[PDB]
Amino acid sequence: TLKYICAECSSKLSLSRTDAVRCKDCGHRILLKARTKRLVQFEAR
Amino acid sequence: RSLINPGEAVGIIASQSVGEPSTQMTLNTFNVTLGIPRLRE
Amino acid sequence: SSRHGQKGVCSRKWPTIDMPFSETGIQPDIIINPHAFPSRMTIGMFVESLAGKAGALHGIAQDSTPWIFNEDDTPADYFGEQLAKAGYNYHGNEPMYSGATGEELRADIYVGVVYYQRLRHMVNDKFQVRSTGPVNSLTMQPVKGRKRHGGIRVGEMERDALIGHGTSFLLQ
Amino acid sequence: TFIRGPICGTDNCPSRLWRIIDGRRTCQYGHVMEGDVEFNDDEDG
Amino acid sequence: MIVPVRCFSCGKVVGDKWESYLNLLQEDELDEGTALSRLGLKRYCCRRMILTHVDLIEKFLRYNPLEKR
Amino acid sequence: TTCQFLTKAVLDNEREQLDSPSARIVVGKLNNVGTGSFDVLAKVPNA
Amino acid sequence: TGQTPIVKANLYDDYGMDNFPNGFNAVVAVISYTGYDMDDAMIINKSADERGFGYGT
Amino acid sequence: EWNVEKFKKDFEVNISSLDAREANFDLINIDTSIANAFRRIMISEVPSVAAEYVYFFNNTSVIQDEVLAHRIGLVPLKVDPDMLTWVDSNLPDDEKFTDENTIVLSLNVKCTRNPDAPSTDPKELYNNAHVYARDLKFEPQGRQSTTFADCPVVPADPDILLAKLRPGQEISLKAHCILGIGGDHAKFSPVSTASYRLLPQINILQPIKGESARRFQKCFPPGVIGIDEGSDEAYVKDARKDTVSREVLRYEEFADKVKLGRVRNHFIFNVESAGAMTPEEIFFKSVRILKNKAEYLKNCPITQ
Amino acid sequence: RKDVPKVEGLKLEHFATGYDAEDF
Amino acid sequence: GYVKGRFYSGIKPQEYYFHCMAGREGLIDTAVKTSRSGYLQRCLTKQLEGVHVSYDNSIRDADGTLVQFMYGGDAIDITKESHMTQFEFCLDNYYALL
Amino acid sequence: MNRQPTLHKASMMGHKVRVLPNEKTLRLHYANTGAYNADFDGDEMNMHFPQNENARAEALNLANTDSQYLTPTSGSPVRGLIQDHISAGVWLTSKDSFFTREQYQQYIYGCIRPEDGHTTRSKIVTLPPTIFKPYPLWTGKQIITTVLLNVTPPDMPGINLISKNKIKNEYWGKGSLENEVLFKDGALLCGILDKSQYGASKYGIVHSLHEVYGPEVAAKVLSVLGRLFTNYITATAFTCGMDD
Amino acid sequence: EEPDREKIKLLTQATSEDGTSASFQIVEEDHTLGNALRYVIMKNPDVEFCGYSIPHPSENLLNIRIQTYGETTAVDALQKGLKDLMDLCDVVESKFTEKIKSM
Amino acid sequence: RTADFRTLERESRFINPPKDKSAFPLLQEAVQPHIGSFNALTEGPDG
Amino acid sequence: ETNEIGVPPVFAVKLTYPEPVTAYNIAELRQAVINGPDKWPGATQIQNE
């Protein structure tokens, strides 16, 4: 289950098609994408 | 064995040997028209 | 850059072992050429070097506001006594050895602690190389642009250098 | 990488095309056709 | 940000000495001079790395986008 | 003043002899100041 | 990795420039040793770099 | 006429101290080009185990991923070398790490709010707010359970502060720790500072008896110059104690009466450790690497 | 003008290798 | 404006200020340096551009219109007359220069 | 190779190619910084690579750096060592500079390597020392004799030169003659070497080898002295402190 | 059967046909061994010239050049300096073992 | 002593921002030319 | 050397020179085609007759 985060009230929030791009608890518009469990790799340098 | 060779581009060399050290006389009074504005005349 | 206008590019990330180690065992992080100093007269950096080493030893911070010191109260004698009180040389110098040959260096090397800075304009966006590239549509000449990676310009003045050498086939 | 275009010459390669270092299109078997010069413009109201 | 793990110049492990050093200045009320020598920082290349640290992470941590307020 | 001299060259009906180096680079001819100031000829043995 | 200056003015503290660390302290040796440093060129230590030294994003 | 039996009759080792992390010892009557090579190898060629590849699964903390992967690499692990073998460079990734090359560590830390009375210190106020180096959990992969059971992989300094968190944030990673030499990256360097100094030599020239010998005490460390009277005037007790500060050469009573040189074949090595190995044992590795650097050049052909 | 005030209580903190605090 | 101080010991706040004035009067002659001789050299190098030594040592333009009969009076390259009058150096090095 | 404001023809010279690993920048000698008028703080230079043998022959014989030694404006030399090689010859050719035998053989092969083609004799020839009995030692002026002994051709006799330094005689002491430079049959016999000799300076030793032995010998001496006073600086450093 | 033929490479362009003057080229070496080997080679009474030289700091190469007087080639004198450097490391290891066993 | 870095006063201020009044008041006196100028549009005498 | 420029390996594997293959250079131009345009003393493309 992919989700997002409201930038204002910090509530985790998934979003579907035919939805207003808003938070659903506060009415905030700016709504940043959370990070999920996914493999990236690095040299330890 | 110290002579100018034929075909030598003495026109370009003479024009570069004047225009290059006139990138070195851009400065002001440390009467007579000084430096590059005398050379522009 | 230090805080005295002594900027410089990194010439080489120089390996650790062949780099002059000290009696203490410390190896310097930055080697700066002593020839950059006579033409620039940054002596605020020679006094910062032995004020940041006295302040690293004793655990203190030294004020460096201008006009604290005076011509009877020279800071080379102020901060110099703080290095002599810690058992270092009075003049900031330290005995260094060679990293390559292992032998001791000739004279004692002026080492200290200087507050350095790093400038935001970096050389990562500079180079390009061109071998065949895209061309222009009207003149069939190579195209301008580091994005298209082509088009180094032999302009009006660089043509005159190739005439002035007399080489006709480097101009051709 | 590959951009499908016409078949190729040499009576060897019938294949698609592929651009090469910055300036010209080749087949994938090495052969390259002529006049392929990519005609990109400059930029200089 | 956080304390560097190693000394830049010599290479002695320094990053375990930041929380100890702030107890030596708060609890024991020592100076910066004796608090470094008790931790074993005896070369001035590695004394200047605990002595001089800013610890900006506690200023970055106040902006948490994953919790309310 | 390019087309100032261009109209002057047409109303004169001028032949350009192509020997100044700025005229050889335009038409692509080899410049003749230096190594272009002579011709190399190869000696062949058979008649 | 910012650091405060050991050598600083007292107006460094009044403006609160510690909140914005512009720079780091370095053990600097004024020496002509390598031959790679003339005409405003400087030599960084490699192991200083590997351990993080003026690293930035 | 130089001979290796002449070297064996006049080579001494005088060990000053030997702690579990630092060793101090003198080498006498060896050349500066040979003793440099021992310092040279202890920093560079002597191998060690450091984390090299770091695999993040979720890092939502403030510290960047490429920074936190760099801080794990600088953590010294307490793994004995000559248990791991050298990884191969030109074999692909599915075959590269084995249970014989690689040690796998991991880290899974989530921060949560803690209900506490109240300003307030974050060890009271958040659960798992400081990530330390001892939280790198060793995962014995493959056959590393019958061979690392006596010696589990622990960081040599377990209190290295790796990261900091606030609730909601987490770090979840898995680092592969491989063997390497310090000349490649400085994190494989087995020693904090392996260095030597050359033994100072203080040659008093005139007899400097009297009250002047009291102010010749002060121009050196206290365990350097000794005084009795005008008889037994000023003799060097322990020149090894002296740091070469040249405080005596800035006085006018003693600009002529002393000379400050070195003993040119008396080295004083000071070898610390990163914790993985004892410092007297990374010296034996250094002296055998130089021998093995030379056998491999001896027993080796020459073509064209 | 008062001269720049000397810090009172500075001691030796550079001993040669192997010697730590053996000066009294 | 006579600074009796030195950079080893420091310059007083009054004479610190006057040295900041003299530090600026050169720096206004930094921007006026740039496009002085750019157009002057282009305008030379378009006329003196086919002018070249001929095989009879005359200095002729590209169209043949003769400019000089010898280069300088004596047809010597400047990059060759460096030890040409240094007669003492040539006598010492006679067998090496022969 | 092209510094970008090409105000004269020595701003576009013809270099040889040496491909260096592990680098991301073009990389140039200090002897070329006066010709292009470059300061090593972010100057870009265009690298033009010509494509036929009528252009390779003319970048090797006409526009190369070895023929651009004297500028055409006045005939002054524009190529020479710059900052820290100048301040090492004042120590190496000094009169305190005594080298032992193992140190003498190292500085010669540190700068001159017969594999790269620097010698003319296919074998490094040396000199007898100037001190025999207490311990065999070589003087620093005798290394400069040796590196001129190897790079100059064996048939032509040595250079004979009388010149001056920039350093007055009274800076050395009573009755010192270390201002008059003296070369006698290719042997430095008197006086230190400075900017006046192997800098971009007229009638020096490098400007005299250009006249007697030609442009390729004088090119090698700036290469050999560029490496001699770099390996001497490494083994014997140079610093500027507060007591100075 | 697998030897390694990149580690040492005699440079025939500067090697005498006599064999008494050669210039070797090691890969992956520097001042570490090249200064240790130059020291031990110069103790041979037949060596006339020896010096190491790194051509550039970038590539890991090492040139050592041995010239002998006679009756011993430089290949024959390279390997005496490798055994006496092998023998010298065993003396130091045998003394440093006693003193740990003397505490 | 001569100066001091305030290395327990900095750390107690990073963790705990001031709730009553800003520290470093010379940094708000640097822009009082700018803010006070805009404040005079809507405040002061005569509105 | 003073008459030299140090070319990076980034520049070196791009800039190419057409070398006509003859009897005296086939030993050094076979090795150029074998190395290919990744390994340095190599080649990028060959022109047919």
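Shown numbers run from 1 along every chain as its sequence is written, which may differ from how the entry numbers residues; residues without coordinates are omitted from display. Going through the entries in the order they are written, you letter the chains from A and number the ligands from 1. Reported values pertain to the displayed chains only, which are themselves part of a larger assembly. Side-chain descriptors were evaluated using all non-hydrogen atoms of the structure, hydrogens and water having been removed beforehand.

cryo-EM is the method the PDB entry states for this structure, with the resolution given as 2.9 Å.

(A) Looking closely at the packing of helix 7 (residues 281-298) of chain H against helix 2 (residues 74-100) of chain L. For the pair helix 7 of chain H and helix 2 of chain L, interaxial distance at closest approach is 9 Å and the crossing angle is 160°. In terms of orientation, helix 7 of chain H and helix 2 of chain L fall into the roughly antiparallel class. The handedness of the crossing between helix 7 of chain H and helix 2 of chain L is left-handed. Across the interface between the two elements, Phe283, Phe284, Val287, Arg288, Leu290, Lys291, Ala294, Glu295, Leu297 and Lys298 of chain H of helix 7 of chain H pack against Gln79, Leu82, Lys83, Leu85, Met86, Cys89, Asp90, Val92, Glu93, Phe96, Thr97 and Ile100 of chain L of helix 2 of chain L. Lines fitted to C-alpha atoms define the axes, with helix axes restricted to the stretch in contact, and inter-axis angles between N-to-C directions lie between 0 and 180 degrees. Helix and strand labels come from DSSP, where a helix needs a run of H or I of at least four residues and a strand needs a run of E of at least two; each type is numbered from the N terminus. For classification purposes, angles smaller than 35 degrees are called roughly parallel, those larger than 145 roughly antiparallel, those between 65 and 115 roughly perpendicular, and all remaining angles oblique. Should the near helix be turned anticlockwise from the far one by less than a right angle, the crossing is termed left-handed; should it be turned clockwise, right-handed. Residue contacts follow a heavy-atom distance rule, with two residues in contact if any of their heavy atoms lie within 4.5 Å.

(B) Quick look at the pattern of salt bridges. Salt bridge, as used here, is a side-chain nitrogen of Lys or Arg placed within 4 Å of a carboxyl oxygen of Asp or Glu. A complete count under the given rule lists 66 salt bridges over all chains for this structure. A salt bridge links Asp26 of chain H to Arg240 of chain H; its shortest N-O distance comes to 2.8 Å. By relative accessible area, which is 4% here, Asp26 of chain H ends up buried. Of the charged contacts, one joins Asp159 of chain H and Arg134 of chain H as a salt bridge, the two residues approaching to 2.9 Å between their closest N and O atoms. Of this pair, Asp159 of chain H sits in the loop between strand 8 (137-139) and strand 9 (161-164) while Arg134 of chain H is found in the loop between strand 7 (130-132) and strand 8, placing the two residues 25 residues apart along the sequence. In the salt-bridge network here, residues are joined through shared partners; they are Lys8 and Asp13 of chain G together with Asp4, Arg6, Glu9 and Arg13 of chain M. Relative accessibility decides the category of a residue: with a 1.4 Å probe and only protein chains considered, values under 20% of the type maximum give buried, values over 50% give exposed, and everything between is partly exposed.

(C) Molecular detail of the interface of chain N and chain K. Opposite the 16 residues of chain N that make contact, chain K presents 33 residues. Summed over both sides, the interface of chain N with chain K buries roughly 2100 Å², with 59% coming from carbon and sulfur. What gets called buried area is simply the loss in accessible area from a 1.4 Å probe that two parts show on being joined, summed for both. By the criterion of area lost to chain K, the three top residues of chain N are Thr2, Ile5 and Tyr17 of chain N, representing 35% of everything that side buries. The interface formed by chain N and chain K includes 1 salt bridge. With a closest N to O distance of 3.0 Å, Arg227 of chain K and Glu1 of chain N form a salt bridge. We call two N or O atoms a polar contact when they sit within 3.5 Å, provided that within protein one can donate a hydrogen and the other can accept it, with sequence-adjacent residues counted only if both atoms are side-chain atoms. The tally of links from chain N across to chain K stands at 13 residue pairs in polar contact. Elements represented by at least two residues in the side of chain N that touches chain K include exactly strand 1 (4-7) and helix 1 (9-12) of chain N. When residues in the side of chain N that touches chain K are grouped by element, the largest group, 4 residues, is from strand 1 of chain N. Residues are grouped as follows: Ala, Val, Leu, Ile, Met, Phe, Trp, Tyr, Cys and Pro are nonpolar; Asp, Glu, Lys and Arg are charged; all remaining types, including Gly, are polar. Each residue belonging to the side of chain N that touches chain K can be placed in one class, and the counts come to 10 nonpolar, 4 polar and 2 charged.

(D) Here's a closer look at the environment of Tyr33 of chain G. Topologically, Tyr33 of chain G is positioned in the loop between strand 2 (24-32) and strand 3 (41-45). Exposure remark for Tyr33 of chain G: the relative accessible area of 1% places this residue in the buried category. With residues up to four places along the chain from it excluded, the contact list for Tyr33 of chain G reads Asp18, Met19, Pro20, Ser98, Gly99 and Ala100 of chain C together with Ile233 and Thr234 of chain K. Here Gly99 of chain C takes part through its backbone nitrogen, which lies 2.8 Å from a polar atom of the side chain of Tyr33 of chain G.

(E) Representation of the sheet that holds strand 2 (residues 23-28) of chain H. Residues and elements named next belong to chain H. Only strands joined by at least two bridges in the DSSP assignment are considered to pair. Across the sheet, which stays open at both edges, the 4 strands sit in the order 1-2-14-11 with antiparallel pairing between neighbours. On the outer flanks of this sheet lie strand 1 (12-18) and strand 11 (194-204), each paired with one strand and no other. Between one strand axis and the next, the sheet turns through 30° on average, direction left out of account. Summarising the sheet, strand 11 and strand 14 (residues 258-271) pair through 11 bridges and their orientation is antiparallel. Pairing of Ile204 across the sheet is with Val258, part of strand 14.

(F) Inspection of the domain arrangement of chain K at higher detail. Residue and element names in this part refer to chain K. You can read the domains of chain K as domain 1 (1-68) and domain 2 (69-239). With centres defined by C-alpha atoms, the gap from domain 1 to domain 2 works out at 26 Å. Taken together, the 12 residues of domain 1 in the interface contact 13 residues of domain 2. Across the domain 1/domain 2 interface, buried area totals approximately 980 Å², and carbon plus sulfur atoms make up 57% of it. If you sort the residues of domain 1 by the area they bury against domain 2, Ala31, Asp66 and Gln68 come out on top, with a joint share of 47%. Taken together, the links from domain 1 to domain 2 amount to 0 salt bridges. Residue ranges assigned to the domains are those given by an automatic or database domain assignment.

(G) Spotlight on the nonpolar core. Among the buried residues, those of types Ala, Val, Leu, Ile, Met, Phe, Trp, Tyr and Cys that are joined through side-chain atoms within 4.5 Å form a nonpolar core. In this structure, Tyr116 of chain C together with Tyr44 of chain E are the most contacted members of the largest nonpolar core, which totals 77 residues. Take this core: its biggest share by element is 8 residues, from helix 2 (residues 44-57) of chain C. With 65 residues, the next largest nonpolar core counts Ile15, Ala276 and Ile282 of chain H together with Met42 of chain L among its residues.

(H) Region of the structure containing the interface of chain C and chain G. In this assembly, 54 residues from chain C lie in contact with 38 residues from chain G. Together chain C and chain G conceal approximately 4200 Å² of surface at their shared face, both sides included; 59% is due to carbon and sulfur atoms. Area buried by chain C at its contact with chain G is led by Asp29, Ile31 and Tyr115 of chain C, which between them contribute 17% of it. There are 1 salt bridge connecting chain C and chain G. The partner of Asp40 of chain G in a salt bridge is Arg40 of chain C, and the shortest N-O contact between them spans 2.3 Å. Where chain C packs against chain G, one counts 32 residue pairs in polar contact. Element by element, the count of residues in the side of chain C that touches chain G is highest for strand 5 (residues 109-116) of chain C, at 8 residues. For the side of chain C that touches chain G, the per-class residue count stands at 29 nonpolar, 15 polar and 10 charged.

(I) Structural view of a nonpolar patch on the surface. All names here are of chain B. Patches in this entry comprise residues that are over 30% relatively accessible and not in a salt bridge; like charges within 9 Å are linked, as are nonpolar side chains (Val, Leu, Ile, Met, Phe, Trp, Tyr) within 5 Å. In these tables, accessible area is a Shrake-Rupley quantity obtained with a 1.4 Å probe, and a residue counts as shielded only by the protein chains included in the view. A cluster of nonpolar residues, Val18, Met25 and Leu39, forms a patch on the protein surface that exposes about 220 Å² of accessible area. As for its placement among the helices and strands, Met25 is situated in the loop between helix 1 (10-19) and helix 2 (35-39). Overall, the relative accessible area of 35% leaves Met25 in the partly exposed class.

(J) View of helix 7 of chain H. Here helix 7 of chain H is 18 residues long and its end C-alpha atoms lie 26 Å apart, about the 26 Å a rise of 1.5 Å per residue gives. Among all positions of helix 7 of chain H, only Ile282, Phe283, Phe284, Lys285, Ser286, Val287, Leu290, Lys291, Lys293, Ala294 and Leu297 of chain H are buried. One fewer than the residue count of a helix, multiplied by 1.5 Å, yields its expected span.

(K) Inspection of the side chain of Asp194 of chain K at higher detail. All names here are of chain K. Mapping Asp194 onto the fold places it in the loop between strand 9 (188-190) and helix 5 (195-198). The positive count covers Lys and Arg only, the negative count covers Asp and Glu only, and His and the chain ends enter neither. Within the buried core, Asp194 has no salt-bridge partner, and the shortest N-O distance to an opposite charge, that of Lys166, equals 7.5 Å. Those residues in contact with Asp194, other than ones at most four positions away along the chain, are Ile86, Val90, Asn165, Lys166, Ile167 and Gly199.

(L) Highlighting helix 2 (residues 32-39) of chain E. All names here are of chain E. Those residues of helix 2 that fall on the buried side of the exposure criterion are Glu32, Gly33, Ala35, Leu36 and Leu39. Looking at the buried side of helix 2, the elements it contacts are helix 1 (18-26) and helix 3 (44-50). Where helix 2 terminates, the next one or two residues include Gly40, which has phi positive at roughly 95°.

(M) Here's a closer look at the sheet that holds strand 10 (residues 170-181) of chain H. Strand order across the open sheet formed by 5 strands is 4(A)-3(H)-10(H)-4(H)-8(H), with antiparallel pairing between neighbours. Only two strands of the sheet have a single partner each, and these edge strands are strand 4 (40-43) of chain A together with strand 8 of chain H. Across the sheet, the mean angle from the axis of one strand to that of its neighbour is 30°, orientation sign disregarded. In the sheet, strand 3 (residues 47-59) of chain H pairs with strand 10 of chain H via 11 bridges, with the strands oriented antiparallel. Its bridge partner being in strand 10 of chain H, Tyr53 of chain H is matched across the sheet by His176 of chain H.

(N) Structural detail: the packing of aromatic side chains. Centres within 6.5 Å make a pair out of two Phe, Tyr or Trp rings, where for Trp the six-membered ring is used; the pair is then stacked when the planes are under 30 degrees apart, edge-to-face when over 60, and tilted otherwise. Considering all chains together, one arrives at 41 aromatic pairs over all chains under this definition. Plain terms: the ring middles of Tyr88 of chain C and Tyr44 of chain E are 5.8 Å apart, the flat faces sit at 85° to each other, and that makes the pair edge-to-face. Placement of the pair is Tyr88 of chain C in the loop between helix 3 (75-85) and strand 4 (93-94) and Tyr44 of chain E in helix 3, with the two residues belonging to separate chains. Here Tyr88 of chain C matches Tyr44 of chain E in class, with each residue buried. Three or more aromatic residues link up through ring pairs in this structure, and these residues are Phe21 and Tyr97 of chain C, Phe25, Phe38, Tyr196, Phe267, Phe269, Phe283 and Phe284 of chain H together with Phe96 of chain L.

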